[PDB]
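Chemist: First the structure, which I've put down as C-alpha cells, then a few questions once you've had a look.
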Amino acid sequence: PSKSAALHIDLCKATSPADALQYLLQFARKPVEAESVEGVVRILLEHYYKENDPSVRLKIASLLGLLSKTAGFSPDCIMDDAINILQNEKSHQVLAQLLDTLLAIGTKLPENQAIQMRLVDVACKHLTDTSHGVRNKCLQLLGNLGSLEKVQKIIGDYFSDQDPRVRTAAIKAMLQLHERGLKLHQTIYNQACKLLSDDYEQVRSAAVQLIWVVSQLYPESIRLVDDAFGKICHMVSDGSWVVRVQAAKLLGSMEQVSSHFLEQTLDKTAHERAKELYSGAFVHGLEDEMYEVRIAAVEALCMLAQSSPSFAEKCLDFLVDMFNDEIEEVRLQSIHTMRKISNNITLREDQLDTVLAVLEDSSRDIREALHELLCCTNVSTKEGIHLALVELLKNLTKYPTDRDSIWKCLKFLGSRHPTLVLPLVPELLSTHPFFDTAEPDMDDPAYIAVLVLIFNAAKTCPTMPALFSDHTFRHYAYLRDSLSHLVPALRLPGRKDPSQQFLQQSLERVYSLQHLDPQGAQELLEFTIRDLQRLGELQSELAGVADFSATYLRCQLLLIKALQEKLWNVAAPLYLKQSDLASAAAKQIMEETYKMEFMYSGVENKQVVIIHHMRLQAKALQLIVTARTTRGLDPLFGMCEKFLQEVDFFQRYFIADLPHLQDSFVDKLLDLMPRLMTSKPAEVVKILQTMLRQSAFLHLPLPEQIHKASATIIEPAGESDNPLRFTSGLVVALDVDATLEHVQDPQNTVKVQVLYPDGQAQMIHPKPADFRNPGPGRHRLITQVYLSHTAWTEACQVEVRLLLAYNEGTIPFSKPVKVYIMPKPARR
Amino acid sequence: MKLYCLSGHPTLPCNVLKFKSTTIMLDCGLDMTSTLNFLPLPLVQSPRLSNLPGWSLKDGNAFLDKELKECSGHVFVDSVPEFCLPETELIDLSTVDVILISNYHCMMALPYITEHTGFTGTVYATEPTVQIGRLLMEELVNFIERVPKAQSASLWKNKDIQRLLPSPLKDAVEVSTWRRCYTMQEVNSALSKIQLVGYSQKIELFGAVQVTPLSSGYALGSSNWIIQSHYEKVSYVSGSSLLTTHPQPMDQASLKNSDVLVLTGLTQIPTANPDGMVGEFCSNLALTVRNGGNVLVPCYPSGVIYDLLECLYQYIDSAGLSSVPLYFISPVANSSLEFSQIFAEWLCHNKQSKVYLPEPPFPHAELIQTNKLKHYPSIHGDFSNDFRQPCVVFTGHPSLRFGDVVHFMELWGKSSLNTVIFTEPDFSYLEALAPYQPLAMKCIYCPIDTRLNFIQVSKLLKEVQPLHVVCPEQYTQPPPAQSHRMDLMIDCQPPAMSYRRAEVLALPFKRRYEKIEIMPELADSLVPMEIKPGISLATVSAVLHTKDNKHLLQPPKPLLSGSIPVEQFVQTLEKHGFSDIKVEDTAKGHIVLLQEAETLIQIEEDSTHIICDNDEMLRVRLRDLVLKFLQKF
C-alpha cells in the first residue's frame, strides 16, 4: 500500500540525487513498516537497486537494514541480500552498506546455524576486500557470527595486515569471540605480544586487553602471567594516558601473580629511613600523571591487595604518604582502599600522619572517611590508642558537628580491641588515688566520647567495674538510658496480629450491620470512622490501610446523609437554597474518590473498579441534584445522555468483575439499561433516585501493607519574620526542600504550587534531576522556585504547597508554608 | 573525492568529505531557526504569555487551540523549543572516521552526533574553540533547563497540518528530525572525547592524510582547515575575518595552491559597515542614557562582546557617563572573562605586546577594577540587590527565545523610554521580536559582523587561484532582499558548483600519483640511463614494504622497446666472430641469413623475427645479443 505508493512515486519522479534522497529520507524518518509488507518493500527496493547513484543504493541498503531491525523478515531477505552481495561489487560505499545489511540480518533475529550465519560467514570470507573496503566490517561480521565451539588463521593474518583500523577491528572481534567463549590459544599470546609492539596508538590499547585475557585464560608458557604482567607494567610506563588508564584497570582485574614479582614491581627510600628512625611499576604509575591514572592505580592496588594476604605493608606506606594528593577524589579513594585492605594490618608509626589527616579544614567527606578508617582499622600499642584518643578529642573540640561519627568510631574501636585500653583507665579519667574527685559533667561531649569507648571496652573484660567510680556507675545508667545503640549491655552491680484482626472484625461488623435504619447506619459509620482513625494514629504499618478504609466509610456516610436530606421530603418545584448539603456532598465525595484512587500507593483493580463504582454513584447523585434544581428539559436530556454514556464507558472498560458485583447499583442499572434508553429523563431520574436509595453497599477488599503518600516541606521553615527582600520586577530564587514518602512516579506527579497574594496560582514543575532517591520508596525534592511580582507596600506572605497531579486534576497533600516576600522599587 | 553536505544553512555546516581511504567530517550546525519559531520560555510566567489566545484549525479537527497559540495576528507553537539537526542518515557517522571543528558556533551540535549515533573516532578543535564551546553548551543547557517546560506537541509536526499552517510555519523545513535539548552527561562525554591541537600543527592520520589548522581570525581560536596528501590539497575556509580584529590574523600563505577550496561562513548582512554601525550603536546608547532609561543588548559571551566593550570603554570616556553602570548577566560570565583574559598567544600582536608589558590584553579587567562593569551569573540574588536605573545590560542569549533577555524585556515592554539594541546577525530580528509585539520599546537594529564580504571574497580567490571552488546555493543565487544587485553573488572562474541541504557532489579530480620512498642502498644499486635529452631512466626491481599506508621499496618483468639496426647487427656479428652473413632488402625490411644453424631473421618497422633450427647455445647467444641491442623498459 504505502510502500507501493512510495515506489511508484520514486519511479515517476526519477530525479537523480534529489527525489531519491528525498524519498529515502521520508521513508526512513516517517515510521517503521510494523507489518509483513517489509518484504514487499524490500522486493521493490531490490528491483529499484538496478540503477545508478551508488550513494542512493547505499542509503537504500541502510533503509533495508533499518526495516530488518524490526525482525519482520528473515530467510527471503537473507537470500536477496546474498544475491545483491554476490552481484553488486561496486566500490567501498556499496560494499560497506552490504556489510552493514549483512550484520543487521545476522544479528537481527535468527542467531542460528544452517545457512543463517555460516553461509554469511563463508560469503564474507570469500568477499574480503582488497583495500579497507569491507575488512573491518567483515571482521566484526565473523566476530558476531562466530561459528561454533570447535577462523584462527585468517584472524592471525588480519593481525599482521596493513591498516591499524583493520587491526583494531580484528581485536574487537577477539573481544566478541572471548565473550562468546571460543577458547583462544597461546599462538594468540605470541602474536598479541607482537601486537603490543605496534608503534601506534589504540592498537596497543585493545591488544593489551587481549594479552590480559589470554593471561587470565591460562598461565602456561615456560611463567606466562608474570611475563604478561611485566609487559603490562612496561606498557604502563607509556606516555599515553588513555592507554595507562586501561592498563591499570586491567592489571587490577588481574588477580593471581608471583608474589616476589609483585614486590619486584613495588621495588625502587624515606619510608624505610623513617622505619629505621622509629626502630618500578607502581612507583612510577602512581605519581606519573594526574587523577585518572591515579584512581585506576589505587583501584588496581585495592583489588590485588584484597587478593594477596601479604604485600599490604609495602602499599600501606604508599597510601599513607599519598593521602595529600591535591585531588579530593584521589583522597577519598585512598581512604576507601585503606579501609578495604585494613585487615591483619598494623600502623605502629603511621598513626601520627594518618591522624594529622583527620585534622582537616572543612572537607566533611574526608573527615567522615577517616572516621570510618579509624573505626575499621587495627592498632597494636597502648601508646597508639592514647594518641589516637587525644587527637580525636582535638577533632571533636575543633569541629563539634561530627561528634556522632566520633562516638560511633570510638565504639567500634572499643569493640574491635578492648584489652589495649586497660592501663589507661586510671589516666584518661581523673581518679586521684585517695581523693574524692569532683563529679564529671554529664552531657560534655568529650566525656561522653571517652565513656562510650570505656563501656565498649568493658563489654568483654570484666576487670574494671571495680576500677569505676560512682559517677561512672550512674553515668553508665544514663548513657544506657539515652544512647541505646552506642553503649552495650553490661553487668554492673547497680544495673542488673491483634491490630489486623480488630480492623477486620470492625469492617465485617459494618458489612453485616448494613441492613438497618439510616440513622443507626449514621451512628455506626461515625463510630467506626473515628475508631479506624484512632488506629491509624496508634500504629504505623496499619496506618495506610486504616485511613484508606476510614475515608471509604466517610465516603459512604456522606452519601447516606445526602440521601437522608429533607430535600426529598419537600416537594420538587421549590428547591429553595443552601440546603444543598447533597451538592457539597457530591463535590466532596468526588474529590475523595480521586484522592482515594491516586494518593495511595498500593491499589489493585478490584479496589479500582470499586472506586469507579463509587464515582459513578457520585455522578448519579450530582445528576439527581441538578435535576431537582434545573427547569430546562434539554439540559436534563444532555445530562442524562452524558451520564448514561459514562455508564457505558464503565461497563466497556470493566467487562470483568460483574459477577463480583452482586446486587450492585451499577449491575442492576445495567440490567435496566435499555428501558432508560427508551424512557424520558424525568422517570429516568425518578427511577435512579429510588434505585440508588435502596441500591446497595459494596464490600471493599483490604489489600496488603499499602501506604498513603506524604509530603513534608522541611525548607523553608516559614517561621522567620525577617522578610525576603528584592527589587521590583526582579526575581528571587527560593529553594524548596521536601521529603516525599511512598510516591510512585514522583518526577511526573509531584508539582509545586505557589500562591501569590494577589490571588494567582503559579504551577512549577521540577526537573527530574531534582528527585533524589536515597532509599526505597522515599524521595527528596530539592528545587528552585522563582518568585517575582511588582513592588509591594509592606511584606506579605506567599503560599508554597505541593500539589499532586494525575492523568486531569490536582490534589493537595502537603501542609502549606508561608514565606515573607517584599519587593522594593528601583533605587533611582 | 566526494562531498556530502548535510546542512542547507550557509553559516552552520556539516561537510562529510571522503578522500582516499579515510572519512573526515567538518563542523556541526545547530540551527536555531526552529528555536525562533517556538514560543519563548519566561523565567517567571508573565500574565500576557499565560493568557495568549489559542489559534484554531479552520477545520477544527486538530487540537491546535492548545497545541498552538496566537499573538498580534501571528501564530507560534507552544512547547519546549526544539533545535534543527543536520540530516544524519545520509551517511553512517559510525563509518565517518575523523571530525574537525572550525569554531565554537560550529561545535554547538556535538553531543547529538557524538553520543547517540555511534561515532567512535577522534575529534579535533583548538583550545579556545573547545573551551568557549563548553561555556556555550553550558549556558544553552542551563537555559533550556532552569525551568522545565515539558510540554511537546506533534500534530502540528504532522505534515498535512504543516501544509495547512501559514508562513513561516508553512516555511518550516525538516520538522520531523527536530529534537529536544541534551544534558550534562552528554556534554561531558563529548568534551572528554575531544582532543587538542594548536595552530600550524601537522596531525597525521594513518599515514593517509595530514591536517593543519590556520587562524581564520573571526573568533578567538576560530580556524580554517587544510587537509593534504602529498599531491592533493583541500582548503576548507569557514568564517574568516581579514579585518583588524582581536584574534590572530588570517594566514593565506598555506591556504593558496589548493586543489579543492570549500568556502562557507560568509557574512549575513553584506551591506553592513561594522565600525560605522558600532559608532551608531554608541551614539544611540548615549542618547538612551541621556534620556534616562535602560538598554538591553543580547550577546554571545565571545567576540562581539569584547569588541563592543572596548568601544564602549572609549565612548564612556568620551561622553562622561561614568554614573550609569554596566551589568553583564549570564551564568558563564565569570569563566568567559577569565578565559578571554588568559587566552593571550592566540591574539594579535598589539594584545600580545600588551601581555609582554604586564597588563591584561583586554580593558574589561580594568573596567572591573574601576567597577563600571559588573558581571552576574543570574538575575536572582545580589544582582537584585545591586540593580540600578538608568542602566546598561548585556544579557546571555541573542536568539531572544529564552533567558534573562526574555525576562528583562517582559519587565520593560510597557515602557517606551528604554531601548533594545540587536548586535548579532544570525537571526531575523522581525521574527525574533514578533512574540512581544506590540512593543513600546525602541528597537534599533545595528548588527555587527566581521565575516568577509563578497569584495574580499573576490580578492581572496583572485589571490589564491584554486582549481575547484565549492560554495552554497544561497551564495550562488541572488538574495531575495536585493536581487537587483550584482556584487552580492560570488563570482569565480570556473563557476563554483552549488549544493542544497543533504546533497552529494563528486569533485572534479582523479587520483593519479601518491608518495613512495626509495631506500638508499637500492638507489645506489640503480643506475639511470638516457635515451632522450633531459630524460634518464632506469628499470626497477624491488620489494614493496607498506606499513600504515606509507610505502617503501627495497631490493629482494620488464620487456623490450626500440628497433634494431641491420647494418650495426651484421657489423657487430662480424666483429664478434660470426662470418658469412648475407643481407637482402625488401620493401620495408631486411632479410639477413647466417649460415650457421641456418638462421634467417626478418627486420621490419616494429617487427623482428628470428627462425632457426633446434639449437640452444646459439639461440641464447642471439637472445642476449638482440636484447642488449635495445633499451629496456
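Labels for the C-alpha cells follow display order: chains A, B, ..., residues from 1 in each chain, ligands from 1.
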I'd like the contact shell of range 609-619 of chain A - 9 Å cut-off, only C-alpha atoms, skipping same-chain residues fewer than 2 positions apart - returned as an MDAnalysis selection string.

Modeler: chainID A and resid 555:556 559 585:587 589:590 593:594 596:597 604:607 621:624 643 646:647 650 654 657 665:666 692 698:700

Chemist: Would you list the contacts of range 138-147 of chain B as an NGL selection string, taking every protein, DNA or RNA residue within 10 Å and counting only C-alpha atoms, but skipping same-chain residues closer than 6 positions in sequence?

Modeler: (:A and (764-767 or 783-786)) or (:B and (41-44 or 80-82 or 108 or 132 or 180-184 or 187 or 300-301 or 330-333 or 396-397 or 401-404))

Chemist: Any idea which chain B residues end up within 7 Å of chain A if we count only C-alpha atoms, as an MDAnalysis selection string please?

Modeler: chainID B and resid 21 44 90 148 379:381 384:385 388:389 411 547:548

Chemist: Pick out the closest residue to residue 492 in chain B from this set: B:263, B:617, B:554, B:33. Count only C-alpha atoms.

Modeler: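 Ranking B:263, B:617, B:554, B:33 by distance to residue 492 in chain B, first place goes to B:263.
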
Chemist: When distances are computed from only C-alpha atoms, which of B:419, B:273, B:323, B:450 shows the smallest separation from residue 240 in chain B?

Modeler: B:450

Chemist: Show me, as an MDAnalysis selection string, the residues that have an atom within 9 Å of residue 434 in chain B when counting only C-alpha atoms, minus same-chain residues fewer than 3 positions from it.

Modeler: chainID B and resid 71:72 74 429:431 437:438

Chemist: Go ahead and save the picked residues with C-alpha atoms, as a compact mmCIF listing (two decimals), in the first residue's frame.

Modeler:
# COMPACT_ATOMS: atom_id res chain seq x y z
CA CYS B 71 -0.31 36.73 19.18
CA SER B 72 -0.76 40.01 17.26
CA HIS B 74 0.74 35.82 14.23
CA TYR B 429 15.01 40.45 14.19
CA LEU B 430 11.46 40.69 12.83
CA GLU B 431 10.72 37.05 13.63
CA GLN B 437 4.57 42.79 19.63
CA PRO B 438 3.02 45.36 20.24

Chemist: Could you pull out the helix (DSSP H, G or I) residues of range 110-322 of chain A from DSSP and send them as a ChimeraX atom specification?

Modeler: /A:118-126,135-144,152-159,164-179,186-196,203-217,224-236,241-253,259-266,270-278,281-285,291-307,313-320

Chemist: If you count only C-alpha atoms, which residues fall within 10 Å of range 430-432 of chain A, apart from same-chain ones fewer than 6 positions away, as an MDAnalysis selection string?

Modeler: chainID A and resid 438 440 467:469

Chemist: What is the CA of residue 805 in chain A-CA of residue 749 in chain A distance in Å, reported with one decimal?

Modeler: 5.3 Å

Chemist: For residue 506 in chain B, which residue among A:687, A:54, A:591, A:462 is the nearest when counting only C-alpha atoms?

Modeler: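 Checking each candidate against residue 506 in chain B, we get A:54 as the closest.
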
Chemist: Please provide the set of residues having any atom within 12 Å of residue 134 in chain B, restricted to only C-alpha atoms, with same-chain residues fewer than 4 positions apart removed, written as a PyMOL selection string.

Modeler: chain B and resi 103-105+107-111+125+127-130+138-141+184+186-192+194+301+332+335-336+339

Chemist: Residues at most 12 Å from residue 73 in chain B, counting only C-alpha atoms, excluding those fewer than 4 positions away in the same chain, as a tab-separated table (two decimals) with N, CA, C and O atoms, in the first residue's frame?

Modeler:
chain	number	residue	atom	x	y	z
B	52	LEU	N	-2.13	34.19	26.37
B	52	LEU	CA	-2.14	34.34	24.92
B	52	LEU	C	-3.23	33.46	24.32
B	52	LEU	O	-3.35	32.29	24.71
B	53	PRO	N	-4.05	33.98	23.41
B	53	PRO	CA	-5.15	33.18	22.86
B	53	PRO	C	-4.64	32.06	21.97
B	53	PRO	O	-3.56	32.14	21.38
B	54	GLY	N	-5.44	30.99	21.88
B	54	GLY	CA	-5.08	29.83	21.10
B	54	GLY	C	-5.62	29.93	19.69
B	54	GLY	O	-6.83	30.01	19.47
B	55	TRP	N	-4.70	29.95	18.72
B	55	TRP	CA	-5.08	29.85	17.32
B	55	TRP	C	-5.70	28.48	17.06
B	55	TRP	O	-5.28	27.47	17.60
B	69	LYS	N	-0.58	28.69	19.90
B	69	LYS	CA	-1.15	29.94	20.40
B	69	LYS	C	-0.87	31.04	19.39
B	69	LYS	O	0.03	30.92	18.56
B	166	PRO	N	-0.06	28.69	8.12
B	166	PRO	CA	0.54	29.78	7.35
B	166	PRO	C	2.03	29.89	7.58
B	166	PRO	O	2.60	29.24	8.46
B	434	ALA	N	8.68	39.34	16.97
B	434	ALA	CA	7.25	39.12	16.78
B	434	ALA	C	6.46	38.76	18.04
B	434	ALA	O	5.36	39.32	18.21
B	435	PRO	N	6.90	37.85	18.94
B	435	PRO	CA	6.01	37.48	20.06
B	435	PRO	C	5.69	38.60	21.04
B	435	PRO	O	4.61	38.60	21.64
B	436	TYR	N	6.59	39.56	21.23
B	436	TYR	CA	6.31	40.60	22.20
B	436	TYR	C	5.53	41.76	21.60
B	436	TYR	O	5.18	42.70	22.33
B	437	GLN	N	5.25	41.71	20.31
B	437	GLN	CA	4.57	42.79	19.63
B	437	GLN	C	3.10	42.81	20.07
B	437	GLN	O	2.48	41.75	20.19
B	438	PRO	N	2.51	43.99	20.32
B	438	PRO	CA	3.02	45.36	20.24
B	438	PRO	C	3.97	45.70	21.37
B	438	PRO	O	3.83	45.20	22.48

Chemist: For the atom pair CA of residue 328 in chain B and CA of residue 432 in chain B, what is the interatomic distance in Å to one decimal place?

Modeler: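 Separation of CA of residue 328 in chain B and CA of residue 432 in chain B: 21.2 Å.
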